[PDB]
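> Input structure: target17.txt, which contains compact mmCIF, C-alpha atoms (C1' of nucleotides).
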# COMPACT_ATOMS: atom_id res chain seq x y z
CA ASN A 1 33.56 -47.54 -39.41
CA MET A 2 33.56 -46.82 -43.15
CA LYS A 3 32.27 -50.06 -44.68
CA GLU A 4 29.17 -50.25 -42.47
CA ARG A 5 28.17 -46.65 -43.19
CA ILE A 6 28.84 -47.21 -46.90
CA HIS A 7 26.49 -50.21 -46.90
CA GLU A 8 23.90 -48.27 -44.89
CA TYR A 9 23.87 -45.45 -47.43
CA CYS A 10 23.87 -47.89 -50.35
CA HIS A 11 20.79 -49.69 -49.04
CA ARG A 12 19.10 -46.38 -48.19
CA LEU A 13 19.58 -45.39 -51.84
CA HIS A 14 18.26 -48.89 -52.70
CA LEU A 15 21.67 -50.10 -53.90
CA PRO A 16 22.78 -53.40 -52.37
CA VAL A 17 24.35 -53.69 -55.81
CA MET A 18 26.39 -50.63 -54.80
CA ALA A 19 27.58 -52.42 -51.67
CA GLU A 20 28.51 -55.49 -53.73
CA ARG A 21 30.07 -53.72 -56.71
CA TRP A 22 32.02 -51.25 -54.57
CA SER A 23 33.70 -54.21 -52.89
CA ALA A 24 34.71 -55.74 -56.22
CA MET A 25 35.74 -52.50 -57.93
CA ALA A 26 37.59 -51.30 -54.82
CA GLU A 27 39.53 -54.57 -54.63
CA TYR A 28 40.33 -54.40 -58.35
CA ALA A 29 41.50 -50.78 -58.16
CA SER A 30 43.59 -51.44 -55.06
CA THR A 31 45.14 -54.27 -57.08
CA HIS A 32 45.45 -52.02 -60.16
CA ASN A 33 45.89 -48.34 -61.10
CA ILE A 34 42.36 -47.06 -61.73
CA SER A 35 41.89 -43.30 -61.80
CA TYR A 36 39.03 -42.24 -59.55
CA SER A 37 36.94 -41.28 -62.58
CA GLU A 38 37.37 -44.77 -64.08
CA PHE A 39 36.67 -46.41 -60.72
CA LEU A 40 33.39 -44.48 -60.53
CA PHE A 41 32.64 -45.41 -64.15
CA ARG A 42 33.04 -49.10 -63.30
CA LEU A 43 30.87 -48.60 -60.21
CA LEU A 44 28.06 -47.07 -62.27
CA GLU A 45 28.49 -49.76 -64.93
CA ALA A 46 27.91 -52.54 -62.40
CA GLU A 47 25.01 -50.65 -60.80
CA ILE A 48 23.21 -50.17 -64.10
CA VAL A 49 23.90 -53.72 -65.31
CA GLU A 50 22.22 -55.15 -62.22
CA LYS A 51 19.48 -52.50 -62.34
CA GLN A 52 18.67 -53.27 -65.98
CA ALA A 53 18.59 -56.99 -65.21
CA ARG A 54 16.12 -56.34 -62.38
CA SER A 55 14.03 -54.03 -64.57
CA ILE A 56 13.81 -56.63 -67.34
CA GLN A 57 12.85 -59.30 -64.81
CA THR A 58 10.14 -57.03 -63.37
CA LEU A 59 8.79 -56.24 -66.84
CA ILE A 60 8.62 -59.95 -67.68
CA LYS A 61 6.85 -60.50 -64.36
CA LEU A 62 4.27 -57.89 -65.36
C1' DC B 1 62.97 104.26 68.53
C1' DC B 2 63.68 102.09 63.90
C1' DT B 3 64.49 98.09 61.03
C1' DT B 4 63.76 93.36 59.61
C1' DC B 5 61.54 88.95 59.84
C1' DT B 6 57.43 86.23 59.32
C1' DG B 7 52.61 84.80 58.49
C1' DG B 8 47.97 84.89 56.25
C1' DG B 9 45.09 85.29 52.11
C1' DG B 10 43.68 85.69 47.27
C1' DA B 11 44.94 84.59 42.56
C1' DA B 12 47.46 82.02 39.11
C1' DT B 13 49.45 77.90 37.59
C1' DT B 14 50.76 72.54 37.24
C1' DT B 15 50.53 67.85 37.76
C1' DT B 16 48.49 63.35 38.43
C1' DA B 17 44.81 60.48 39.11
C1' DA B 18 40.50 58.87 37.70
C1' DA B 19 36.83 57.77 34.34
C1' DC B 20 34.95 57.43 29.62
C1' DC B 21 35.09 56.40 25.06
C1' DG B 22 37.20 54.71 21.04
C1' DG B 23 40.26 51.79 18.52
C1' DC B 24 42.67 47.57 17.76
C1' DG B 25 43.73 42.51 18.33
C1' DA B 26 42.00 38.03 19.79
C1' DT B 27 38.89 34.51 20.68
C1' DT B 28 34.35 32.66 20.06
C1' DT B 29 30.50 31.28 17.67
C1' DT B 30 27.68 30.02 13.84
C1' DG B 31 27.11 27.56 9.61
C1' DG B 32 28.13 23.80 6.49
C1' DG B 33 30.38 19.44 5.26
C1' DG B 34 32.41 14.82 6.36
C1' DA B 35 33.48 11.03 9.42
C1' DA B 36 33.11 8.32 13.45
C1' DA B 37 31.06 6.68 17.44
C1' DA B 38 27.37 5.98 20.60
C1' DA B 39 22.89 4.89 21.65
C1' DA B 40 18.39 3.63 20.76
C1' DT B 41 15.16 0.58 18.92
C1' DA B 42 13.62 -3.52 17.10
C1' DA B 43 14.09 -8.27 16.19
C1' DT B 44 15.75 -12.70 17.17
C1' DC B 45 17.83 -16.27 20.22
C1' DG B 46 18.35 -19.42 24.16
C1' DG B 47 16.74 -20.92 28.39
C1' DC B 48 14.58 -20.90 32.90
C1' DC B 49 10.21 -21.14 35.61
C1' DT B 50 5.80 -22.46 36.32
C1' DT B 51 1.34 -24.85 35.74
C1' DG B 52 -2.49 -27.10 33.21
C1' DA B 53 -4.15 -31.55 31.84
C1' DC B 54 -4.27 -36.29 31.24
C1' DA B 55 -6.97 -39.01 33.72
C1' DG B 56 -14.64 -42.79 29.84
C1' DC B 57 -17.90 -38.94 27.58
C1' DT B 58 -21.74 -35.44 27.01
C1' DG B 59 -26.53 -35.63 26.25
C1' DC B 60 -30.34 -34.42 28.00
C1' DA B 61 -34.31 -31.24 30.76
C1' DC B 62 -36.82 -27.01 31.10
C1' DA B 63 -38.12 -22.40 29.71
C1' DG B 64 -40.18 -19.41 25.95
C1' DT B 65 -40.76 -17.99 21.31
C1' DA B 66 -40.48 -18.52 16.56
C1' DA B 67 -40.11 -21.23 12.41
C1' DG B 68 -41.25 -24.77 9.51
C1' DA B 69 -43.16 -29.05 7.63
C1' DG B 70 -47.23 -31.47 6.09
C1' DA B 71 -52.11 -31.56 4.84
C1' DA B 72 -56.56 -29.53 3.86
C1' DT B 73 -59.01 -25.62 1.73
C1' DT B 74 -59.66 -21.71 -1.21
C1' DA B 75 -58.65 -18.30 -5.10
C1' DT B 76 -57.22 -17.52 -9.26
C1' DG B 77 -55.20 -18.00 -13.75
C1' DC B 78 -54.92 -20.82 -17.70
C1' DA B 79 -57.30 -23.28 -21.02
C1' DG B 80 -60.99 -24.81 -23.82
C1' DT B 81 -65.02 -24.03 -27.07
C1' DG B 82 -68.31 -21.51 -30.04
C1' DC B 83 -69.55 -17.48 -33.28
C1' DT B 84 -68.59 -13.34 -35.81
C1' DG B 85 -65.71 -9.69 -37.99
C1' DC B 86 -61.46 -7.61 -39.73
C1' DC B 87 -56.78 -7.50 -41.37
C1' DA B 88 -53.05 -9.68 -43.56
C1' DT B 89 -51.07 -12.14 -47.16
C1' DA B 90 -50.80 -14.05 -51.33
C1' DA B 91 -51.22 -14.34 -56.12
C1' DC B 92 -50.07 -12.29 -60.80
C1' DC B 93 -47.42 -9.16 -64.01
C1' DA B 94 -43.68 -5.96 -65.09
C1' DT B 95 -38.83 -4.20 -64.64
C1' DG B 96 -34.38 -3.82 -62.60
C1' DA B 97 -30.26 -5.80 -60.30
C1' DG B 98 -27.51 -9.32 -58.25
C1' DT B 99 -25.36 -13.90 -58.35
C1' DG B 100 -24.71 -18.31 -60.17
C1' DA B 101 -22.83 -19.97 -64.15
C1' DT B 102 -19.54 -20.67 -68.27
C1' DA B 103 -14.99 -20.40 -70.88
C1' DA B 104 -9.87 -20.76 -70.26
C1' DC B 105 -5.51 -21.28 -68.10
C1' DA B 106 -2.72 -22.80 -63.75
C1' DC B 107 -1.99 -24.98 -59.80
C1' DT B 108 -3.04 -28.65 -56.61
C1' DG B 109 -5.53 -32.85 -54.73
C1' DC B 110 -6.75 -37.73 -55.15
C1' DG B 111 -6.65 -42.27 -57.15
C1' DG B 112 -4.13 -45.81 -59.98
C1' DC B 113 0.22 -48.00 -60.71
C1' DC B 114 5.08 -49.40 -59.96
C1' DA B 115 8.87 -50.64 -56.96
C1' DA B 116 11.49 -51.54 -52.65
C1' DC B 117 11.92 -53.78 -48.08
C1' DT B 118 10.61 -57.31 -44.64
Re-express the file's structure as structure tokens.


Amino acid sequence: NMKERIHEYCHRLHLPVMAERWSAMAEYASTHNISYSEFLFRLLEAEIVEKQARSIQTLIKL
DNA sequence: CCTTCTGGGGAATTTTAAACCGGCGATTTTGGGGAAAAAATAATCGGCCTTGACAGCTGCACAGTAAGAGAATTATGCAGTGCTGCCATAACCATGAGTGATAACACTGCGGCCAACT
């Protein structure tokens, strides 16, 4: 199906965040009118928020 | 007594039969090509007719000559040792040439560090 392959690719790119955020943003856009560009913008926003949180945690760990 | 008729023979001419040679029309024969059929030769198939073997197994004996295996004996080639002489090599200095090295930039290999998944 589509969801399983999406999650596969997301994890292969090291983006379980992508699997999680795509669910939320997809639900929101299906419940709203989000142009594909804005949907992608929200996707990248969530990805980089989680990525920056992880990077800060790793730096503090070091 | 005389006249007319007839017959034989030699020469000239005509016709028909026979034989040869040539010309003309027909069949035959030779050559080549294509197709069909027959026969010859080789290979493959089935089957009948006839008989050998299976019945403990073959190792040994003698004949003569030659080969070979083992042991003893002998010959010879290698090695070992001493003394003397000759040839090679090695040691030094000089000069030339080749290669290992050094500087600089570019590309690649290896080790340290960071992150992602189980």

> Which value, in Å to one decimal, gives the distance between CA of residue 10 (chain A) and CA of residue 50 (chain A)?

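If I compute the distance from CA of residue 10 (chain A) to CA of residue 50 (chain A), I get 14.0 Å.
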
> So what do you get for CA of residue 6 (chain A) versus CA of residue 22 (chain A), distance-wise?

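Result for CA of residue 6 (chain A) versus CA of residue 22 (chain A): 9.2 Å, one decimal.
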
> Counting all atoms listed in the file, give me one row per residue of chain B with an atom at most 10 Å from an atom of chain A, showing the shortest contact pair and its distance in Å to one decimal, sorted by chain then residue number, as a tab-separated table.


residue	atom	partner	partner_atom	distance
B:114	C1'	A:58	CA	9.8
B:115	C1'	A:58	CA	9.1
B:116	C1'	A:14	CA	7.3
B:117	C1'	A:14	CA	9.2

> Please indicate the distance in Å from CA of residue 44 (chain A) to CA of residue 25 (chain A), rounded to one decimal place.

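About the pair CA of residue 44 (chain A) and CA of residue 25 (chain A): they are 10.4 Å apart.
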
> Need the shell around residue 39 (chain A): protein/DNA/RNA residues with any atom at most 10 Å away, counting all atoms listed in the file. Skip same-chain ones fewer than 4 positions apart. Format as number ranges by chain?

A: 22, 25-26, 28-29, 33-35, 43-45

> So, counting all atoms listed in the file, which residue among A:47, A:52, A:57, A:62 is closest to residue 18 (chain A)?

A:47

> How would region 30-43 of chain A read, as a tab-separated table (two decimals), keeping the file's coordinate frame, once N, CA and C atoms are built in?


chain	number	residue	atom	x	y	z
A	30	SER	N	42.47	-51.31	-55.98
A	30	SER	CA	43.59	-51.44	-55.06
A	30	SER	C	44.63	-52.41	-55.58
A	31	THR	N	44.22	-53.37	-56.40
A	31	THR	CA	45.14	-54.27	-57.08
A	31	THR	C	45.56	-53.78	-58.46
A	32	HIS	N	45.11	-52.59	-58.86
A	32	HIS	CA	45.45	-52.02	-60.16
A	32	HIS	C	45.70	-50.53	-59.98
A	33	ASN	N	45.75	-49.80	-61.09
A	33	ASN	CA	45.89	-48.34	-61.10
A	33	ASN	C	44.69	-47.79	-61.86
A	34	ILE	N	43.59	-47.57	-61.15
A	34	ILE	CA	42.36	-47.06	-61.73
A	34	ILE	C	42.16	-45.63	-61.24
A	35	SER	N	42.18	-44.68	-62.17
A	35	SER	CA	41.89	-43.30	-61.80
A	35	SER	C	40.48	-43.21	-61.24
A	36	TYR	N	40.29	-42.30	-60.27
A	36	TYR	CA	39.03	-42.24	-59.55
A	36	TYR	C	37.84	-42.11	-60.50
A	37	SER	N	38.01	-41.38	-61.60
A	37	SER	CA	36.94	-41.28	-62.58
A	37	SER	C	36.60	-42.65	-63.16
A	38	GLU	N	37.62	-43.44	-63.51
A	38	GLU	CA	37.37	-44.77	-64.08
A	38	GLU	C	36.79	-45.72	-63.04
A	39	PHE	N	37.25	-45.61	-61.79
A	39	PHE	CA	36.67	-46.41	-60.72
A	39	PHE	C	35.18	-46.12	-60.58
A	40	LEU	N	34.81	-44.84	-60.58
A	40	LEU	CA	33.39	-44.48	-60.53
A	40	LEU	C	32.65	-44.98	-61.76
A	41	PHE	N	33.28	-44.90	-62.94
A	41	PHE	CA	32.64	-45.41	-64.15
A	41	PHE	C	32.33	-46.89	-64.02
A	42	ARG	N	33.28	-47.67	-63.51
A	42	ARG	CA	33.04	-49.10	-63.30
A	42	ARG	C	31.93	-49.32	-62.28
A	43	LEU	N	31.93	-48.52	-61.21
A	43	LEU	CA	30.87	-48.60	-60.21
A	43	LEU	C	29.50	-48.42	-60.86
